[PDB]
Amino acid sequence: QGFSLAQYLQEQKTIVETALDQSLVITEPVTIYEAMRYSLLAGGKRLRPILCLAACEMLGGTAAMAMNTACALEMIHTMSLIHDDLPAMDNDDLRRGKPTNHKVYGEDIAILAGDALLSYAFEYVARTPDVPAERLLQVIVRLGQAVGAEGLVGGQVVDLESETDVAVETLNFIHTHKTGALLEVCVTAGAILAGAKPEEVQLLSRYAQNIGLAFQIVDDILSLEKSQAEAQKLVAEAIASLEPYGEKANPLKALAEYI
């Protein structure tokens, strides 16, 4: 028996997208929900929710334990894009060929749509049905650290301050460490939801950190080249050593080999 990532991604992406859709039921001021759904339901790879389910499932958890957190992660990812596209930031006029949130609804609504998604992410983790509350709190804490000044937002800030040819290699590492912070918390949250012991959470953390780095190397070899691609390989190789789980680890090993 051999493992097809394309099938897995297809199966998972389907279940994730119905969950995303169900999470935002349209009421009161319909424009806010519309603006949220517009960015959240515009398709994509959905790697972040999938990493979460992967990690949870590998450790013995179920889709039902991780699904809310998985949607939460995608909501956070979405709102970072909504905010990043704003004129005051990257000033993007379209994304995946479709116009960006603010171009459809206005900068004001876009800002609020992002805010709504960010807070809803936490609300949603906390409404997770069948999981001890202690685990959910840990996810919420880690999610907080990943998204804020010590993570995603932190990275975006350093990124903006460097947006300079003389930029150091360590300034490149802090910038890309924060997109890894989102990525790390995907597998970390999954593990915690499953009831993983701290050593496992660290195992996954380091796996996530390594993958995160590798992604930005190859995206740079489109930050680079013959030795750049060597590093990306050493790192994905170290990661793909979570052999202790054997067959259960196929999705994560597969997913890693995005080179």
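Residue indices: 1-based, along the sequence shown.
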{"item": "Comparing 235-243 with 15-23, the one whose average Cα B-factor in the PDB entry is higher", "value": "235-243"}
{"item": "Residue stretch of maximal mean CA temperature factor, 166-174 vs 105-113", "value": "166-174"}
{"item": "Residue of maximum C-alpha B factor among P49, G195, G212, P29, per deposited coordinates", "value": "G212"}
{"item": "Largest Cα B-factor, entry values, listed residues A55, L40, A229, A70", "value": "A229"}
{"item": "Record-listed C-alpha B factor of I259: chain third", "value": "highest"}
{"item": "Third of the chain's Cα B-factor distribution that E150 belongs to, per the entry", "value": "middle"}
{"item": "CA B-factor ranking of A35, expressed as a third of its chain", "value": "lowest"}
{"item": "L94 - Cα temperature factor, lowest/middle/highest third of chain", "value": "highest"}
{"item": "Chain third (lowest, middle, highest) by recorded CA B-factor, residue given as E74", "value": "lowest"}
